[PDB]
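**Q** Could you have a look at this structure, given as structure tokens, before my questions?
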Protein chains: 2
Amino acid sequence: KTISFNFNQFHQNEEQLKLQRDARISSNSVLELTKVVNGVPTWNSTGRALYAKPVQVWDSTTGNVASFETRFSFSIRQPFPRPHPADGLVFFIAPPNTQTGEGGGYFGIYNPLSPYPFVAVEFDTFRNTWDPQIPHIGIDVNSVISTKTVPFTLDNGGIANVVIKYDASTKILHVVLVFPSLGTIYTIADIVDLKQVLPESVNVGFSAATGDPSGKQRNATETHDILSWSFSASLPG
Amino acid sequence: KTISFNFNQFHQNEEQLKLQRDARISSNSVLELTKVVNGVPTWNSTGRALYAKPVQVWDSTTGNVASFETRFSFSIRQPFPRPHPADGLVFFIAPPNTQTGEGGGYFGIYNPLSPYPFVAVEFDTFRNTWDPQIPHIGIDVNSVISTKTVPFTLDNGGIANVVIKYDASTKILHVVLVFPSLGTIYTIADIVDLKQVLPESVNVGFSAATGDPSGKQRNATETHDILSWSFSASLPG
Ligand SMILES: *[C@@H]1O[C@H](CO)[C@@H](O[C@@H]2O[C@H](CO)[C@@H](O)[C@H](O)[C@H]2NC(C)=O)[C@H](O[C@@H]2O[C@@H](C)[C@@H](O)[C@@H](O)[C@@H]2O)[C@H]1NC(C)=O
Ligand SMILES: *[C@@H]1O[C@H](CO)[C@@H](O[C@@H]2O[C@H](CO)[C@@H](O)[C@H](O)[C@H]2NC(C)=O)[C@H](O[C@@H]2O[C@@H](C)[C@@H](O)[C@@H](O)[C@@H]2O)[C@H]1NC(C)=O
Ligand SMILES: *[C@@H]1O[C@H](CO)[C@@H](O)[C@H](O[C@@H]2O[C@@H](C)[C@@H](O)[C@@H](O)[C@@H]2O)[C@H]1NC(C)=O
Ligand SMILES: OC[C@H]1O[C@H](O[C@@H]2[C@H](O)[C@@H](O)[C@@H](O)O[C@@H]2CO)[C@H](O)[C@@H](O)[C@H]1O
Ligand SMILES: OC[C@H]1O[C@H](O[C@@H]2[C@H](O)[C@@H](O)[C@@H](O)O[C@@H]2CO)[C@H](O)[C@@H](O)[C@H]1O
Ligand SMILES: *[C@@H]1O[C@H](CO)[C@@H](O)[C@H](O)[C@H]1NC(C)=O
Ligand SMILES: [Ca+2]
Ligand SMILES: [Ca+2]
Ligand SMILES: [Mn+2]
Ligand SMILES: [Mn+2]
């Protein structure tokens with residue numbers, strides 16, 4: 001049972017994508033997770049993009065767990081250096097049919113009033129009380145307080161290539177971050193037992209957020225654009 | 001005791017390196033592991049390059065294991081497409097003071113008549129009976145029969161960037177392969193317990209080999225050049 005899809009670009013009204021909140025697809029085919037008006041990103045924005053169909057990461061009958069690989073390109077343009085850009089974007093897996101969570105440092109995937117489990121890879125740009133120096137790549141399991149973290153230097157407005165791979169047999173989740181214009185390579189890995197944290201069927205997608213109003217800083221913002229994306233998952237079941 | 005060295009280039013007569021067999025440093029400063037005469041690589045060649053000093057990967061007193069990161073660039077130029085280039089190059093960790101092993105598919109690190117333990121990351125270009133499709137990246141533990149394998153497409157004569165990282169706490173060895181001219185990214189990871197396979201002190205280095213005479217193919221060859229190399233290890237004990 002192999003499931004896969006590929007988007008070299010994004011078209012408006014794409015039937016295989018579920019856009020939520022501020023998420024929208026632009027004319028020039030880029031997936032803009034957070035709000036951008038007249039070429040300028042605003043604060044108080046939150047958006048998600050889910051692959052319309054659910055994917056099966058494990059089977060209770062056989063006990064088998066799926067292995068998967070996903071690649072995508074994103075771009076984060078930080079127009080206002082001071083006081084501080086916010087908040088970042090993440091790739092995530094969660095139960096099907098969830099709603100957008102809290103914005104800000106929660107990226108729109110965590111909802112304290114009705115927490116739902118999730119596994120996510122974050123590209124954190126703002127330093128919250130629970131964060132190490134930013135920007136950083138982080139592996140999140142049911143929480144925004146990463147299990148593993150690695151710092152990286154952003155290529156403002158540049159293109160970033162990401163490769164995320166999950167090995168069911170070793171339970172290793174390894175992500176690679178590359179900024180082709182700078183030739184920089186960042187790597188991070190950790191052990192995650194999907195069968196233990198998530199249900200058999202899940203949704204895969206992205207979520208991002210800009211500065212929260214409570215910070216009283218309209219400059220706390222940046223873009224969170226997804227340029228392309230492919231996914232592939234295999235269940236030996 | 002954090003140890004680390006960096007070679008942005010290679011100088012003739014490098015006090016820091018132990019060259020063995022066919023390994024040499026060229027005029028333009030590249031480390032040529034295997035023989036190349038008048039701009040053409042030959043068969044029946046084997047060479048290794050070890051960092052002169054030994055590194056401590058674990059301490060029996062505290063039981064602690066080191067974490068390390070190594071980056072290097074290499075180039076493999078395959079002049080003769082048919083019938084099949086050979087054999088590839090590896091980055092390895094072995095007990096100090098070892099001797100070059102068998103050539104060919106053994107890369108010069110395995111010696112059947114007196115086997116010594118080793119951990120190595122291979123960039124295999126020839127398909128032996130025990131191999132999957134080539135080229136492929138492979139993680140080798142005391143054997144040339146990889147524990148994990150991933151296929152990749154070579155950039156003939158192009159430059160390749162490699163990042164190898166080892167996490168003592170998770171025991172995850174993850175390697176990343178990038179061909180900047182093509183923008184391709186390959187990743188592979190596995191669990192390796194250094195403390196269980198290697199002695200407290202080891203040598204780190206490279207080894208490569210071209211076609212073995214027994215194959216009767218002089219075209220079974222390619223270059224195995226190392227352009228730069230940085231290493232860093234951190235033992236908490
Ligand atoms: C939010 O971003 C604005 C645009 O970058 C900041 O204003 C810019 O500040 C520059 C100083 O670094 C100045 O040279 C630019 O002319 C100015 N750009 C414009 C058209 O506003 C702004 O900084 C605040 O406001 C400016 C006008 C000054 O009063 C600064 O002292 C302020 O810090 C940023 N706002 C905040 C709260 O940082
Ligand atoms: C070993 O590599 C050689 C160079 O790549 C091969 O010879 C070249 O073969 C070309 C056609 O494949 C031909 O156009 C070239 O002129 C020739 N190069 C020269 C001038 O030597 C060689 O191929 C075999 O041997 C040559 C001499 C020819 O007889 C070919 O027809 C043979 O396939 C490669 N060896 C083998 C056996 O693959
Ligand atoms: C492979 O390289 C070795 C050097 O390490 C050479 O000795 C081999 O040459 C062959 O074997 C030697 C012992 C001698 O008989 C010589 O005449 C042979 O050519 C070389 N093998 C080949 C086939 O070139
Ligand atoms: O300003 C952007 C920022 O707003 C929120 O954080 C603020 C404040 O900036 C922070 O330092 C701390 O004191 O928490 C405040 C909110 O209670 C938001 O949580 C954060 O993610 C970011 O959007
Ligand atoms: O020709 C290069 C090749 O030689 C050796 O392999 C030969 C033969 O080419 C191969 O197909 C198989 O039959 O094994 C033979 C040796 O027993 C060598 O092992 C291989 O690594 C490469 O050098
Ligand atoms: C933030 O956005 C929400 C809806 O997205 C809106 O109700 C709220 O008033 C906004 N707050 C500010 C400060 O604009
Ligand atoms: Ca944060
Ligand atoms: Ca081989
Ligand atoms: Mn974080
Ligand atoms: Mn192999």
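Chain identifiers are assigned as A, B, and so on, following the order in which chains appear in the structure tokens; residues are numbered from 1 within each chain, and ligands are numbered from 1 in order of appearance.
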What residues have any atom no more than 12 Å from ligand 6 when counting only C-alpha atoms and all ligand atoms, and can you list them as a ChimeraX atom specification?
**A** /A:20-23,34-35,42-47,100,102-104,108,209-218
**Q** Filtering to N, CA and C atoms, could you give me those residues as a PDB file, in the first residue's frame?
**A**
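The resulting file, again11.pdb, is shown below:
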```
ATOM      1  N   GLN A  20      -7.108  26.327   5.259  1.00  0.00           N
ATOM      2  CA  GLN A  20      -7.820  26.775   6.450  1.00  0.00           C
ATOM      3  C   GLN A  20      -7.339  28.145   6.881  1.00  0.00           C
ATOM      4  N   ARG A  21      -8.254  28.927   7.441  1.00  0.00           N
ATOM      5  CA  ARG A  21      -7.957  30.268   7.920  1.00  0.00           C
ATOM      6  C   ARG A  21      -7.355  31.168   6.856  1.00  0.00           C
ATOM      7  N   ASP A  22      -6.254  31.838   7.177  1.00  0.00           N
ATOM      8  CA  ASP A  22      -5.623  32.768   6.247  1.00  0.00           C
ATOM      9  C   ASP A  22      -4.881  32.178   5.058  1.00  0.00           C
ATOM     10  N   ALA A  23      -4.793  30.856   4.986  1.00  0.00           N
ATOM     11  CA  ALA A  23      -4.071  30.215   3.889  1.00  0.00           C
ATOM     12  C   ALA A  23      -4.713  30.433   2.524  1.00  0.00           C
ATOM     13  N   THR A  34       0.504  32.293   5.562  1.00  0.00           N
ATOM     14  CA  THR A  34       0.076  33.456   6.315  1.00  0.00           C
ATOM     15  C   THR A  34      -0.183  34.665   5.427  1.00  0.00           C
ATOM     16  N   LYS A  35      -1.036  35.552   5.926  1.00  0.00           N
ATOM     17  CA  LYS A  35      -1.470  36.750   5.228  1.00  0.00           C
ATOM     18  C   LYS A  35      -0.381  37.702   4.748  1.00  0.00           C
ATOM     19  N   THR A  42       1.467  40.631   7.201  1.00  0.00           N
ATOM     20  CA  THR A  42       0.879  41.269   8.370  1.00  0.00           C
ATOM     21  C   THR A  42       0.972  40.357   9.579  1.00  0.00           C
ATOM     22  N   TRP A  43       0.674  40.915  10.744  1.00  0.00           N
ATOM     23  CA  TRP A  43       0.710  40.161  11.982  1.00  0.00           C
ATOM     24  C   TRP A  43      -0.661  39.528  12.209  1.00  0.00           C
ATOM     25  N   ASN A  44      -0.845  38.910  13.371  1.00  0.00           N
ATOM     26  CA  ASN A  44      -2.123  38.301  13.720  1.00  0.00           C
ATOM     27  C   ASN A  44      -2.655  37.368  12.625  1.00  0.00           C
ATOM     28  N   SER A  45      -1.758  36.668  11.935  1.00  0.00           N
ATOM     29  CA  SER A  45      -2.178  35.747  10.882  1.00  0.00           C
ATOM     30  C   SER A  45      -1.841  34.281  11.155  1.00  0.00           C
ATOM     31  N   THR A  46      -2.745  33.393  10.754  1.00  0.00           N
ATOM     32  CA  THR A  46      -2.553  31.960  10.946  1.00  0.00           C
ATOM     33  C   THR A  46      -3.198  31.193   9.794  1.00  0.00           C
ATOM     34  N   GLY A  47      -2.466  30.234   9.232  1.00  0.00           N
ATOM     35  CA  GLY A  47      -3.006  29.451   8.138  1.00  0.00           C
ATOM     36  C   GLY A  47      -2.431  28.050   8.065  1.00  0.00           C
ATOM     37  N   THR A 100      -7.795  24.648  13.135  1.00  0.00           N
ATOM     38  CA  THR A 100      -6.597  25.432  13.384  1.00  0.00           C
ATOM     39  C   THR A 100      -6.491  25.700  14.882  1.00  0.00           C
ATOM     40  N   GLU A 102      -4.108  27.488  18.240  1.00  0.00           N
ATOM     41  CA  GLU A 102      -3.694  28.823  18.641  1.00  0.00           C
ATOM     42  C   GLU A 102      -2.586  29.314  17.705  1.00  0.00           C
ATOM     43  N   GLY A 103      -2.510  30.623  17.491  1.00  0.00           N
ATOM     44  CA  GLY A 103      -1.481  31.168  16.625  1.00  0.00           C
ATOM     45  C   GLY A 103      -0.194  31.398  17.387  1.00  0.00           C
ATOM     46  N   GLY A 104       0.550  32.428  17.007  1.00  0.00           N
ATOM     47  CA  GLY A 104       1.799  32.718  17.673  1.00  0.00           C
ATOM     48  C   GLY A 104       2.745  31.529  17.742  1.00  0.00           C
ATOM     49  N   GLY A 108      -0.385  27.291  15.148  1.00  0.00           N
ATOM     50  CA  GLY A 108      -1.697  26.935  14.651  1.00  0.00           C
ATOM     51  C   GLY A 108      -1.973  25.441  14.698  1.00  0.00           C
ATOM     52  N   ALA A 209       2.314  30.823  11.340  1.00  0.00           N
ATOM     53  CA  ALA A 209       1.690  31.930  12.039  1.00  0.00           C
ATOM     54  C   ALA A 209       2.627  33.117  12.166  1.00  0.00           C
ATOM     55  N   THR A 210       2.046  34.311  12.183  1.00  0.00           N
ATOM     56  CA  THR A 210       2.829  35.523  12.351  1.00  0.00           C
ATOM     57  C   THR A 210       2.583  36.058  13.753  1.00  0.00           C
ATOM     58  N   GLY A 211       3.241  37.164  14.085  1.00  0.00           N
ATOM     59  CA  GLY A 211       3.120  37.749  15.412  1.00  0.00           C
ATOM     60  C   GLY A 211       1.733  37.851  16.013  1.00  0.00           C
ATOM     61  N   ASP A 212       1.613  37.442  17.269  1.00  0.00           N
ATOM     62  CA  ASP A 212       0.346  37.510  17.985  1.00  0.00           C
ATOM     63  C   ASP A 212       0.132  38.941  18.500  1.00  0.00           C
ATOM     64  N   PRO A 213      -1.103  39.458  18.399  1.00  0.00           N
ATOM     65  CA  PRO A 213      -1.444  40.814  18.849  1.00  0.00           C
ATOM     66  C   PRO A 213      -0.991  41.142  20.276  1.00  0.00           C
ATOM     67  N   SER A 214      -1.121  40.175  21.179  1.00  0.00           N
ATOM     68  CA  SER A 214      -0.739  40.373  22.572  1.00  0.00           C
ATOM     69  C   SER A 214       0.697  40.867  22.725  1.00  0.00           C
ATOM     70  N   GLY A 215       1.518  40.654  21.701  1.00  0.00           N
ATOM     71  CA  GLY A 215       2.900  41.104  21.747  1.00  0.00           C
ATOM     72  C   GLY A 215       2.982  42.574  21.406  1.00  0.00           C
ATOM     73  N   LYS A 216       1.846  43.096  20.958  1.00  0.00           N
ATOM     74  CA  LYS A 216       1.692  44.491  20.586  1.00  0.00           C
ATOM     75  C   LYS A 216       2.784  44.996  19.645  1.00  0.00           C
ATOM     76  N   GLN A 217       3.139  44.157  18.672  1.00  0.00           N
ATOM     77  CA  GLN A 217       4.156  44.484  17.672  1.00  0.00           C
ATOM     78  C   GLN A 217       3.702  44.085  16.268  1.00  0.00           C
ATOM     79  N   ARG A 218       3.313  45.072  15.470  1.00  0.00           N
ATOM     80  CA  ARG A 218       2.859  44.817  14.108  1.00  0.00           C
ATOM     81  C   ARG A 218       3.999  44.369  13.206  1.00  0.00           C
TER      82      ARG A 218
END
```
**Q** Hey, list the chain B side of the contact with chain A: 10 Å cut-off, only C-alpha atoms, answer as a list in words.
**A**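 Result: residues 161, 162, 163, 164, 165, 166, 167, 169, 170, 171, 172, 173, 174, 175, 176, 177, 178, 180, 181, 183, 184, 185, 186, 187, 188, 189, 190 and 191 of chain B.
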**Q** Could you save those same residues with N, CA, C and O atoms as a compact mmCIF listing (two decimals), in the first residue's frame?
**A**
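The result, written out as out-v4.txt:
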```txt
# COMPACT_ATOMS: atom_id res chain seq x y z
N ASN B 161 28.91 17.23 -1.58
CA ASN B 161 29.09 17.67 -0.21
C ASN B 161 28.48 16.62 0.69
O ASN B 161 27.34 16.20 0.48
N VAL B 162 29.25 16.21 1.69
CA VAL B 162 28.79 15.19 2.61
C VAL B 162 28.84 15.68 4.05
O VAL B 162 29.80 16.33 4.46
N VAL B 163 27.79 15.38 4.79
CA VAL B 163 27.71 15.73 6.20
C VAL B 163 27.38 14.42 6.93
O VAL B 163 26.38 13.77 6.64
N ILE B 164 28.24 14.04 7.87
CA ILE B 164 28.01 12.83 8.65
C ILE B 164 27.97 13.26 10.10
O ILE B 164 28.87 13.95 10.59
N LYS B 165 26.92 12.85 10.79
CA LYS B 165 26.74 13.24 12.17
C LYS B 165 26.40 12.04 13.04
O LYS B 165 25.63 11.17 12.64
N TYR B 166 27.00 11.98 14.23
CA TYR B 166 26.71 10.89 15.14
C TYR B 166 26.28 11.41 16.50
O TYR B 166 27.00 12.15 17.15
N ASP B 167 25.09 10.99 16.92
CA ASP B 167 24.53 11.39 18.20
C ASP B 167 24.70 10.28 19.24
O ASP B 167 24.02 9.26 19.16
N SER B 169 23.74 10.14 22.36
CA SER B 169 22.54 9.90 23.15
C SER B 169 21.47 9.07 22.45
O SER B 169 20.79 8.28 23.09
N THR B 170 21.31 9.24 21.14
CA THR B 170 20.31 8.47 20.41
C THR B 170 20.94 7.32 19.63
O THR B 170 20.24 6.41 19.18
N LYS B 171 22.27 7.39 19.48
CA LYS B 171 23.04 6.40 18.73
C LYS B 171 22.67 6.44 17.25
O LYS B 171 22.80 5.46 16.53
N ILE B 172 22.19 7.59 16.79
CA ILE B 172 21.83 7.74 15.40
C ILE B 172 22.98 8.28 14.56
O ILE B 172 23.60 9.30 14.90
N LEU B 173 23.28 7.57 13.48
CA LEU B 173 24.32 7.99 12.55
C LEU B 173 23.53 8.43 11.32
O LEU B 173 22.83 7.64 10.70
N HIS B 174 23.59 9.71 10.99
CA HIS B 174 22.90 10.18 9.81
C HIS B 174 23.85 10.84 8.85
O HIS B 174 24.69 11.65 9.25
N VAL B 175 23.74 10.48 7.59
CA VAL B 175 24.60 11.06 6.58
C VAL B 175 23.73 11.73 5.54
O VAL B 175 22.63 11.26 5.23
N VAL B 176 24.22 12.85 5.03
CA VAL B 176 23.54 13.64 4.02
C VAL B 176 24.49 13.79 2.85
O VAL B 176 25.67 14.05 3.04
N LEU B 177 23.97 13.62 1.65
CA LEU B 177 24.76 13.75 0.44
C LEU B 177 24.11 14.80 -0.46
O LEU B 177 22.93 14.70 -0.80
N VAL B 178 24.88 15.82 -0.84
CA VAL B 178 24.36 16.86 -1.70
C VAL B 178 25.24 17.16 -2.90
O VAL B 178 26.47 17.27 -2.79
N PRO B 180 25.50 20.04 -5.17
CA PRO B 180 25.11 21.43 -5.42
C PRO B 180 24.81 21.83 -6.87
O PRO B 180 23.94 22.67 -7.10
N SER B 181 25.49 21.23 -7.84
CA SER B 181 25.22 21.57 -9.24
C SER B 181 23.88 21.06 -9.74
O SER B 181 23.30 21.62 -10.66
N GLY B 183 21.38 20.16 -7.35
CA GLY B 183 20.40 20.49 -6.34
C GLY B 183 19.77 19.27 -5.72
O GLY B 183 18.75 19.38 -5.05
N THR B 184 20.36 18.10 -5.93
CA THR B 184 19.83 16.86 -5.38
C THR B 184 20.32 16.60 -3.96
O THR B 184 21.47 16.88 -3.61
N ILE B 185 19.43 16.05 -3.13
CA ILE B 185 19.74 15.76 -1.74
C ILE B 185 19.38 14.32 -1.39
O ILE B 185 18.28 13.86 -1.66
N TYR B 186 20.33 13.61 -0.80
CA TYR B 186 20.10 12.23 -0.42
C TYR B 186 20.38 12.11 1.06
O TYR B 186 21.32 12.70 1.57
N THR B 187 19.54 11.35 1.75
CA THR B 187 19.71 11.18 3.18
C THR B 187 19.54 9.73 3.59
O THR B 187 18.77 8.97 2.99
N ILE B 188 20.29 9.33 4.62
CA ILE B 188 20.23 7.98 5.14
C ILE B 188 20.67 7.98 6.60
O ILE B 188 21.55 8.73 7.00
N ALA B 189 20.04 7.14 7.40
CA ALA B 189 20.37 7.09 8.82
C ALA B 189 20.19 5.69 9.39
O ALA B 189 19.47 4.87 8.83
N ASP B 190 20.88 5.42 10.49
CA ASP B 190 20.76 4.14 11.15
C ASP B 190 21.30 4.22 12.56
O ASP B 190 21.97 5.18 12.92
N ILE B 191 20.98 3.21 13.35
CA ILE B 191 21.43 3.16 14.73
C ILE B 191 22.69 2.31 14.83
O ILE B 191 22.72 1.17 14.39
```
**Q** Would you name the residues within 12 Å of ligand 8, counting only C-alpha atoms and all ligand atoms, and put them as JSON, numbers by chain?
**A** {"B": [84, 85, 86, 87, 88, 89, 90, 103, 104, 105, 106, 107, 108, 122, 123, 124, 125, 126, 127, 128, 129, 130, 131, 132, 133, 134, 135, 136, 137, 138, 140, 143, 144, 145, 146, 149, 208, 209, 210, 211, 212, 220]}
**Q** Just want the residues within 6 Å of ligand 1, written as a PyMOL selection string, counting only C-alpha atoms and all ligand atoms.
**A** chain A and resi 80+82-83+219
**Q** Can you pull out the residues contacting residue A:74? Cut-off 6 Å, using only C-alpha atoms, and skip same-chain residues under 4 positions away; I want them as a ChimeraX atom specification.
**A** /A:160,225-227
**Q** Work out how far apart atom CA of residue B:78 and atom CA of residue B:158 are and give it in Å to one decimal.
**A**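 Straight-line distance from atom CA of residue B:78 to atom CA of residue B:158 works out to 10.2 Å.
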**Q** Step one, run DSSP on the backbone; step two, keep only residues of stretch 35-225 of chain B assigned to strand (DSSP E); then write them as an MDAnalysis selection string.
**A** chainID B and resid 36:37 40:41 46:51 55:56 67:75 87:94 119:124 136:141 148:151 160:167 172:179 184:191 201:210 225
**Q** Using only C-alpha atoms, find each residue in stretch 140-235 of chain A having at least one atom no more than 7 Å away from stretch 111-121 of chain A; report its shortest atom-to-atom pair and that distance in Å (one decimal), rows by chain then rising number, as a tab-separated table.
**A**
```
residue	atom	partner	partner_atom	distance
A:140	CA	A:120	CA	5.0
A:141	CA	A:119	CA	4.7
A:142	CA	A:118	CA	4.9
A:197	CA	A:117	CA	6.5
A:198	CA	A:117	CA	6.4
```
**Q** Report as a VMD selection string all protein, DNA and RNA residues lying within 8 Å of residue B:228, evaluated on only C-alpha atoms, omitting residues in the same chain fewer than 4 positions from it.
**A** chain B and resid 7 to 10 30 72 to 74
**Q** Which of these, A:222, A:229, A:16, A:204, has the shortest distance to ligand 4 once you count only C-alpha atoms and all ligand atoms?
**A**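 Nearest to ligand 4: A:222.
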**Q** Could you tell me which of A:151, A:237, A:199, A:157 comes closest to ligand 9 if we count only C-alpha atoms and all ligand atoms?
**A** A:151
